[PDB]
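A.B. asks: Compact mmCIF, N, CA, C and O atoms, file run-v1.txt:
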```
# COMPACT_ATOMS: atom_id res chain seq x y z
N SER A 32 0.80 -1.23 0.00
CA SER A 32 0.00 0.00 0.00
C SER A 32 0.84 1.29 0.00
O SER A 32 1.15 1.81 -1.07
N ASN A 33 1.21 1.81 1.17
CA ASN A 33 2.20 2.87 1.27
C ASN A 33 2.74 2.91 2.69
O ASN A 33 1.97 2.90 3.65
N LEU A 34 4.07 2.93 2.83
CA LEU A 34 4.75 2.75 4.11
C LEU A 34 4.73 4.04 4.94
O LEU A 34 5.76 4.59 5.31
N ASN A 35 3.53 4.49 5.30
CA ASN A 35 3.34 5.65 6.17
C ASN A 35 3.62 5.25 7.62
O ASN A 35 2.73 5.33 8.47
N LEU A 36 4.87 4.85 7.91
CA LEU A 36 5.32 4.54 9.26
C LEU A 36 6.13 5.70 9.83
O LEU A 36 6.60 6.56 9.09
N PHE A 37 6.29 5.69 11.15
CA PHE A 37 7.04 6.69 11.90
C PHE A 37 8.48 6.21 12.03
O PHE A 37 8.71 5.15 12.60
N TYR A 38 9.44 6.97 11.48
CA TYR A 38 10.85 6.60 11.39
C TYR A 38 11.70 7.72 12.00
O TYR A 38 11.35 8.90 11.89
N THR A 39 12.79 7.37 12.68
CA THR A 39 13.67 8.32 13.35
C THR A 39 14.52 9.08 12.33
O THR A 39 14.97 8.47 11.36
N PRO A 40 14.79 10.38 12.52
CA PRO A 40 15.60 11.17 11.60
C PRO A 40 16.96 10.51 11.38
O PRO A 40 17.38 10.32 10.24
N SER A 41 17.62 10.09 12.46
CA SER A 41 18.88 9.36 12.44
C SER A 41 18.89 8.22 11.43
O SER A 41 19.88 8.00 10.73
N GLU A 42 17.78 7.48 11.38
CA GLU A 42 17.59 6.37 10.48
C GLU A 42 17.75 6.90 9.06
O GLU A 42 18.63 6.48 8.31
N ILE A 43 16.94 7.91 8.72
CA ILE A 43 16.95 8.55 7.41
C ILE A 43 18.09 9.57 7.27
O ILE A 43 17.93 10.62 6.65
N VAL A 44 19.28 9.19 7.75
CA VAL A 44 20.55 9.87 7.55
C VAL A 44 21.60 8.77 7.39
O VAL A 44 22.32 8.71 6.40
N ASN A 45 21.68 7.86 8.37
CA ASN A 45 22.74 6.86 8.40
C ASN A 45 22.51 5.77 7.35
O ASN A 45 22.05 4.67 7.66
N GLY A 46 22.88 6.06 6.10
CA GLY A 46 22.92 5.10 5.02
C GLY A 46 21.51 4.68 4.60
O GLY A 46 21.19 3.50 4.56
N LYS A 47 20.67 5.68 4.28
CA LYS A 47 19.28 5.56 3.90
C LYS A 47 18.95 6.71 2.94
O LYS A 47 19.40 6.68 1.80
N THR A 48 18.18 7.70 3.41
CA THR A 48 17.70 8.85 2.64
C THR A 48 18.84 9.74 2.17
O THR A 48 19.01 9.90 0.97
N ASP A 49 19.61 10.33 3.11
CA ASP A 49 20.78 11.16 2.82
C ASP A 49 21.57 10.61 1.64
O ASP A 49 21.82 11.29 0.65
N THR A 50 21.93 9.34 1.77
CA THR A 50 22.82 8.64 0.87
C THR A 50 22.06 8.03 -0.32
O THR A 50 22.68 7.48 -1.22
N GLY A 51 20.72 8.11 -0.30
CA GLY A 51 19.82 7.53 -1.28
C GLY A 51 20.10 6.06 -1.56
O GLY A 51 20.03 5.63 -2.71
N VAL A 52 20.42 5.27 -0.53
CA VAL A 52 20.81 3.87 -0.75
C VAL A 52 19.62 2.91 -0.63
O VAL A 52 19.51 1.96 -1.40
N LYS A 53 18.75 3.12 0.36
CA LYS A 53 17.55 2.31 0.58
C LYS A 53 16.29 3.03 0.09
O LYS A 53 15.76 2.64 -0.95
N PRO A 54 15.76 4.04 0.79
CA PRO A 54 14.57 4.75 0.32
C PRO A 54 14.93 5.70 -0.82
O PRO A 54 15.61 6.71 -0.60
N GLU A 55 14.44 5.42 -2.03
CA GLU A 55 14.49 6.33 -3.15
C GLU A 55 13.58 7.52 -2.85
O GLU A 55 12.60 7.38 -2.10
N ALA A 56 13.86 8.68 -3.44
CA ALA A 56 13.01 9.85 -3.32
C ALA A 56 11.61 9.56 -3.89
O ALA A 56 11.43 8.62 -4.66
N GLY A 57 10.60 10.35 -3.51
CA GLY A 57 9.24 10.23 -4.03
C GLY A 57 8.33 9.30 -3.21
O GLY A 57 7.16 9.16 -3.55
N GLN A 58 8.83 8.69 -2.14
CA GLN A 58 8.07 7.78 -1.29
C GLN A 58 7.52 8.52 -0.08
O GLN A 58 8.15 9.46 0.40
N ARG A 59 6.35 8.10 0.43
CA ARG A 59 5.83 8.63 1.69
C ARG A 59 6.43 7.87 2.87
O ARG A 59 6.51 6.65 2.83
N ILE A 60 6.77 8.61 3.93
CA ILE A 60 7.10 8.10 5.25
C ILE A 60 6.66 9.18 6.24
O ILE A 60 6.27 10.26 5.81
N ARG A 61 6.75 8.92 7.56
CA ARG A 61 6.61 9.96 8.56
C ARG A 61 7.92 10.02 9.33
O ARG A 61 8.32 9.01 9.91
N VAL A 62 8.61 11.16 9.35
CA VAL A 62 9.73 11.31 10.26
C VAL A 62 9.14 11.59 11.64
O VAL A 62 8.13 12.29 11.73
N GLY A 63 9.73 11.05 12.70
CA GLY A 63 9.32 11.35 14.06
C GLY A 63 10.58 11.57 14.89
O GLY A 63 11.44 10.70 14.93
N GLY A 64 10.71 12.74 15.51
CA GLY A 64 11.94 13.11 16.19
C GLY A 64 11.76 14.42 16.94
O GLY A 64 10.64 14.94 17.03
N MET A 65 12.86 14.95 17.48
CA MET A 65 12.87 16.13 18.31
C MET A 65 13.33 17.35 17.52
O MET A 65 14.29 17.30 16.75
N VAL A 66 12.58 18.44 17.69
CA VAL A 66 12.80 19.71 17.02
C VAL A 66 13.98 20.47 17.63
O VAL A 66 13.92 20.87 18.80
N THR A 67 15.02 20.74 16.84
CA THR A 67 16.10 21.64 17.22
C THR A 67 15.51 23.03 17.50
O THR A 67 14.92 23.65 16.62
N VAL A 68 15.67 23.50 18.75
CA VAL A 68 15.04 24.69 19.29
C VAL A 68 15.14 25.90 18.34
O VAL A 68 14.16 26.62 18.17
N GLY A 69 16.31 26.13 17.75
CA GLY A 69 16.57 27.26 16.88
C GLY A 69 16.87 26.79 15.46
O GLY A 69 17.96 27.02 14.95
N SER A 70 15.91 26.11 14.82
CA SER A 70 16.06 25.70 13.42
C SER A 70 14.80 25.91 12.57
O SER A 70 14.85 25.68 11.37
N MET A 71 13.70 26.34 13.18
CA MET A 71 12.49 26.71 12.46
C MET A 71 12.79 28.01 11.69
O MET A 71 12.95 29.05 12.33
N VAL A 72 12.88 27.97 10.36
CA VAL A 72 13.03 29.17 9.54
C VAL A 72 11.91 29.22 8.50
O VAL A 72 11.40 28.18 8.07
N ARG A 73 11.47 30.43 8.16
CA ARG A 73 10.26 30.67 7.38
C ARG A 73 10.49 31.77 6.35
O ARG A 73 11.22 32.72 6.63
N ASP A 74 9.85 31.66 5.19
CA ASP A 74 9.88 32.71 4.19
C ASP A 74 8.95 33.86 4.60
O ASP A 74 7.89 33.60 5.17
N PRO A 75 9.26 35.11 4.21
CA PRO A 75 8.31 36.21 4.34
C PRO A 75 7.11 36.00 3.43
O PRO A 75 6.04 36.56 3.68
N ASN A 76 7.25 35.15 2.41
CA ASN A 76 6.13 34.64 1.63
C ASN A 76 5.04 34.13 2.57
O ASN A 76 3.86 34.21 2.24
N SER A 77 5.41 33.62 3.75
CA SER A 77 4.51 33.20 4.82
C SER A 77 3.70 31.96 4.42
O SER A 77 2.58 31.77 4.86
N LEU A 78 4.32 31.12 3.58
CA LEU A 78 3.72 29.93 2.98
C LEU A 78 4.78 28.88 2.60
O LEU A 78 4.46 27.87 1.97
N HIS A 79 6.04 29.11 2.98
CA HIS A 79 7.15 28.20 2.81
C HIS A 79 7.91 28.27 4.12
O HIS A 79 8.19 29.36 4.63
N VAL A 80 8.15 27.11 4.71
CA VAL A 80 8.68 26.97 6.05
C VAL A 80 9.53 25.71 6.06
O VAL A 80 9.17 24.72 5.43
N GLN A 81 10.67 25.73 6.74
CA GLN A 81 11.50 24.54 6.83
C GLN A 81 12.17 24.49 8.20
O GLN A 81 12.34 25.52 8.86
N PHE A 82 12.51 23.28 8.63
CA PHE A 82 12.99 23.06 9.98
C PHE A 82 13.89 21.84 10.01
O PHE A 82 13.80 20.97 9.15
N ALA A 83 14.77 21.78 11.01
CA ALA A 83 15.64 20.65 11.25
C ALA A 83 15.08 19.84 12.41
O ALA A 83 14.68 20.41 13.43
N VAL A 84 15.00 18.52 12.23
CA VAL A 84 14.55 17.59 13.26
C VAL A 84 15.63 16.53 13.45
O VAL A 84 16.15 16.01 12.47
N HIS A 85 15.98 16.22 14.71
CA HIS A 85 17.05 15.30 15.05
C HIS A 85 16.57 14.31 16.11
O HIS A 85 15.38 14.22 16.40
N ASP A 86 17.52 13.57 16.68
CA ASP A 86 17.35 12.67 17.80
C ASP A 86 18.54 12.91 18.74
O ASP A 86 19.50 13.57 18.33
N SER A 87 18.50 12.36 19.95
CA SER A 87 19.66 12.31 20.82
C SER A 87 20.85 11.67 20.08
O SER A 87 21.99 12.03 20.33
N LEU A 88 20.57 10.75 19.15
CA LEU A 88 21.58 10.13 18.30
C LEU A 88 22.27 11.11 17.34
O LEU A 88 23.24 10.73 16.68
N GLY A 89 21.81 12.36 17.25
CA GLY A 89 22.53 13.43 16.56
C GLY A 89 22.58 13.26 15.04
O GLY A 89 23.48 13.79 14.40
N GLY A 90 21.59 12.58 14.46
CA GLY A 90 21.44 12.47 13.02
C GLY A 90 20.35 13.43 12.57
O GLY A 90 19.21 13.02 12.34
N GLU A 91 20.68 14.72 12.50
CA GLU A 91 19.73 15.76 12.13
C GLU A 91 19.32 15.62 10.66
O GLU A 91 20.18 15.49 9.79
N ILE A 92 18.01 15.65 10.40
CA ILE A 92 17.42 15.66 9.07
C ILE A 92 16.74 17.01 8.86
O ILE A 92 16.25 17.62 9.81
N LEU A 93 16.70 17.47 7.61
CA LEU A 93 16.05 18.71 7.20
C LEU A 93 14.68 18.39 6.58
O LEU A 93 14.59 17.58 5.67
N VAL A 94 13.64 19.06 7.08
CA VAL A 94 12.27 18.92 6.61
C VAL A 94 11.84 20.26 6.01
O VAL A 94 12.14 21.31 6.57
N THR A 95 11.15 20.21 4.87
CA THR A 95 10.62 21.36 4.16
C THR A 95 9.10 21.24 4.14
O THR A 95 8.58 20.13 4.11
N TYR A 96 8.39 22.37 4.21
CA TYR A 96 6.95 22.43 4.37
C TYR A 96 6.44 23.65 3.58
O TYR A 96 6.97 24.75 3.73
N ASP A 97 5.46 23.47 2.69
CA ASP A 97 5.03 24.46 1.71
C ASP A 97 3.57 24.90 1.92
O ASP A 97 2.79 24.98 0.97
N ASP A 98 3.22 25.22 3.17
CA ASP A 98 1.98 25.86 3.58
C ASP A 98 2.24 26.41 4.99
O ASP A 98 3.34 26.26 5.51
N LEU A 99 1.26 27.04 5.63
CA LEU A 99 1.38 27.45 7.02
C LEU A 99 1.30 26.23 7.93
O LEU A 99 0.32 25.49 7.92
N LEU A 100 2.33 26.04 8.76
CA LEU A 100 2.35 25.06 9.84
C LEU A 100 1.21 25.37 10.84
O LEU A 100 0.76 26.51 10.89
N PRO A 101 0.76 24.38 11.64
CA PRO A 101 -0.34 24.54 12.59
C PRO A 101 -0.01 25.56 13.69
O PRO A 101 -0.22 26.76 13.50
N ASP A 102 0.53 25.13 14.83
CA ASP A 102 0.84 26.00 15.96
C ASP A 102 2.14 26.76 15.69
O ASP A 102 3.02 26.81 16.55
N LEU A 103 2.32 27.28 14.48
CA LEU A 103 3.56 27.82 13.93
C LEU A 103 4.77 26.88 14.09
O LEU A 103 5.89 27.32 13.87
N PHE A 104 4.55 25.60 14.44
CA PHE A 104 5.58 24.67 14.85
C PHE A 104 6.31 25.21 16.09
O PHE A 104 7.40 25.76 16.00
N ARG A 105 5.69 25.04 17.26
CA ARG A 105 6.30 25.33 18.54
C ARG A 105 7.59 24.51 18.68
O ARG A 105 7.53 23.28 18.67
N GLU A 106 8.74 25.18 18.77
CA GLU A 106 10.03 24.53 18.78
C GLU A 106 10.32 23.87 20.13
O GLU A 106 9.61 24.09 21.11
N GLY A 107 11.40 23.08 20.20
CA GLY A 107 11.88 22.49 21.44
C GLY A 107 10.89 21.50 22.03
O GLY A 107 10.62 21.53 23.23
N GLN A 108 10.37 20.60 21.20
CA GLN A 108 9.51 19.49 21.58
C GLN A 108 9.74 18.38 20.55
O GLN A 108 10.52 18.57 19.61
N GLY A 109 9.05 17.25 20.70
CA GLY A 109 9.01 16.23 19.67
C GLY A 109 7.80 16.47 18.79
O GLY A 109 6.79 16.99 19.26
N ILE A 110 7.88 16.11 17.51
CA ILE A 110 6.72 16.09 16.62
C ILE A 110 6.88 14.92 15.66
O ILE A 110 7.96 14.34 15.55
N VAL A 111 5.79 14.58 14.97
CA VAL A 111 5.81 13.62 13.87
C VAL A 111 5.34 14.35 12.62
O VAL A 111 4.37 15.11 12.67
N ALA A 112 6.07 14.17 11.51
CA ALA A 112 5.91 14.92 10.28
C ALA A 112 5.83 13.97 9.10
O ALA A 112 6.78 13.23 8.85
N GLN A 113 4.70 13.98 8.39
CA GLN A 113 4.44 13.10 7.26
C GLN A 113 4.33 13.94 5.99
O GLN A 113 3.80 15.05 5.98
N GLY A 114 4.80 13.34 4.90
CA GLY A 114 4.62 13.82 3.55
C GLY A 114 5.37 12.87 2.66
O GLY A 114 5.14 11.67 2.76
N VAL A 115 6.27 13.39 1.83
CA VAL A 115 6.95 12.60 0.82
C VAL A 115 8.41 13.02 0.75
O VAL A 115 8.74 14.19 0.97
N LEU A 116 9.29 12.07 0.46
CA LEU A 116 10.68 12.37 0.17
C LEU A 116 10.73 13.24 -1.08
O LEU A 116 10.35 12.78 -2.15
N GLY A 117 11.15 14.50 -0.94
CA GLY A 117 11.11 15.45 -2.03
C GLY A 117 12.48 15.49 -2.69
O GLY A 117 12.82 14.62 -3.49
N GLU A 118 13.28 16.50 -2.33
CA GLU A 118 14.60 16.67 -2.90
C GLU A 118 15.57 15.69 -2.24
O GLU A 118 16.31 16.09 -1.34
N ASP A 119 15.50 14.43 -2.68
CA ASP A 119 16.40 13.30 -2.43
C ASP A 119 17.37 13.56 -1.29
O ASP A 119 18.58 13.74 -1.47
N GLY A 120 16.80 13.64 -0.09
CA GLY A 120 17.49 14.11 1.10
C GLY A 120 16.51 14.86 1.99
O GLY A 120 16.29 14.49 3.14
N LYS A 121 15.89 15.91 1.44
CA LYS A 121 14.90 16.71 2.16
C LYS A 121 13.53 16.04 2.09
O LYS A 121 13.12 15.50 1.05
N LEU A 122 12.80 16.11 3.20
CA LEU A 122 11.45 15.59 3.30
C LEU A 122 10.50 16.74 2.98
O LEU A 122 10.56 17.78 3.65
N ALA A 123 9.64 16.60 1.98
CA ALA A 123 8.57 17.56 1.77
C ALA A 123 7.40 17.09 2.63
O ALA A 123 6.66 16.19 2.24
N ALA A 124 7.28 17.65 3.84
CA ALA A 124 6.28 17.26 4.81
C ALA A 124 5.11 18.25 4.80
O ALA A 124 5.29 19.42 4.47
N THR A 125 3.93 17.78 5.19
CA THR A 125 2.75 18.62 5.34
C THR A 125 1.83 18.12 6.46
O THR A 125 1.34 18.92 7.27
N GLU A 126 1.65 16.80 6.60
CA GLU A 126 0.84 16.24 7.66
C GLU A 126 1.74 16.17 8.90
O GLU A 126 2.25 15.11 9.24
N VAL A 127 1.97 17.32 9.55
CA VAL A 127 2.63 17.36 10.86
C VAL A 127 1.57 17.24 11.94
O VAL A 127 0.58 17.96 11.92
N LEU A 128 1.78 16.31 12.88
CA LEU A 128 0.93 16.16 14.05
C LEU A 128 1.80 16.47 15.26
O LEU A 128 2.71 15.69 15.59
N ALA A 129 1.53 17.58 15.94
CA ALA A 129 2.15 17.86 17.23
C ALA A 129 1.49 16.99 18.29
O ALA A 129 0.90 17.50 19.24
N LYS A 130 1.55 15.66 18.14
CA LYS A 130 0.95 14.76 19.12
C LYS A 130 1.70 14.85 20.45
O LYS A 130 1.11 14.65 21.51
N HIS A 131 2.99 15.20 20.40
CA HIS A 131 3.74 15.62 21.58
C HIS A 131 3.31 17.08 21.86
O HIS A 131 4.11 18.01 21.80
```
How does this structure look as structure tokens?
C.D. replies:
Amino acid sequence: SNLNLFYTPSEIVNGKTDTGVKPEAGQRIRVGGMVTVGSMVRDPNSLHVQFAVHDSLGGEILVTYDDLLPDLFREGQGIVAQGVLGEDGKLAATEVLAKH
């Protein structure tokens, strides 16, 4: 069907997404990890937003988002972010759930 599972950012860095060895771009997954407190950056366009999400394991992944985030993405918490592998490395996410 489609592997909409929750995967750690570290996973999708260490010889996976980053390196394009296992998950090819264009697939859906959900990254789930902790928001780097000072990595939420936004366009003045006010409709393009991107952020870095990592783990204690220190494998930071970059997520891109092309609409207004919900709670402006309150930083310094965990979140789960779903969409599609966009630019073969970057996740084009949109279904973010601040379930944390």
A.B. asks: With all atoms listed in the file as the atoms that count, which of A:130, A:67, A:34, A:53 lies nearest to residue 92 in chain A?
C.D. replies: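 Using all atoms listed in the file, the shortest distance to residue 92 in chain A belongs to A:67.
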A.B. asks: What is the CA of residue 38 in chain A to CA of residue 63 in chain A distance in Å?
C.D. replies: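 Interatomic distance, CA of residue 38 in chain A to CA of residue 63 in chain A: 5.7 Å.
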A.B. asks: Which residues are close to range 71-83 of chain A, i.e. within 8 Å by only C-alpha atoms, leaving aside same-chain residues fewer than 6 positions away? Reply as a ChimeraX atom specification.
C.D. replies: /A:91-100,104,106
A.B. asks: Would you mind telling me which residue in A:111, A:56, A:65, A:36 lies nearest to residue 89 in chain A when using only C-alpha atoms?
C.D. replies: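 Of the candidates, the smallest distance to residue 89 in chain A is held by A:65.
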A.B. asks: When you count all atoms listed in the file, which of these residues is closest to residue 108 in chain A: A:90, A:64, A:57, A:69?
C.D. replies: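 Closest candidate: A:64.
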A.B. asks: Between A:70, A:41, A:116, A:131, which residue has the minimum interatomic distance to residue 55 in chain A, considering all atoms listed in the file?
C.D. replies: A:116
A.B. asks: So what do you get for atom O of residue 50 in chain A versus atom N of residue 124 in chain A, distance-wise?
C.D. replies: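 Here the two named atoms are 19.1 Å from each other.
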A.B. asks: Quick one, how far is atom O of residue 117 in chain A from atom O of residue 44 in chain A?
C.D. replies: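 Taking atom O of residue 117 in chain A as the start and atom O of residue 44 in chain A as the end point, the length is 14.9 Å.
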A.B. asks: Go through range 35-65 of chain A and collect every residue that DSSP, computed from the backbone, puts in strand (DSSP E); the answer should be as a list in words.
C.D. replies: residues 37, 38, 59, 60, 61, 62, 63, 64 and 65 of chain A
A.B. asks: Which residue is closest to residue 86 in chain A? Choose from A:40, A:125, A:49, A:35 and count all atoms listed in the file.
C.D. replies: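 Of A:40, A:125, A:49, A:35, the one nearest residue 86 in chain A is A:40, counting all atoms listed in the file.
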A.B. asks: Pick the closest to residue 115 in chain A from A:58, A:87, A:48, A:39: which is it, counting only C-alpha atoms?
C.D. replies: A:58
A.B. asks: Using all atoms listed in the file, determine which residues lie at most 8 Å from residue 128 in chain A, disregarding the query and same-chain residues fewer than 4 positions distant; provide the list as a list in words.
C.D. replies: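 Counting all atoms listed in the file, the residues come to residues 62, 109, 110, 111, 112 and 113 of chain A.
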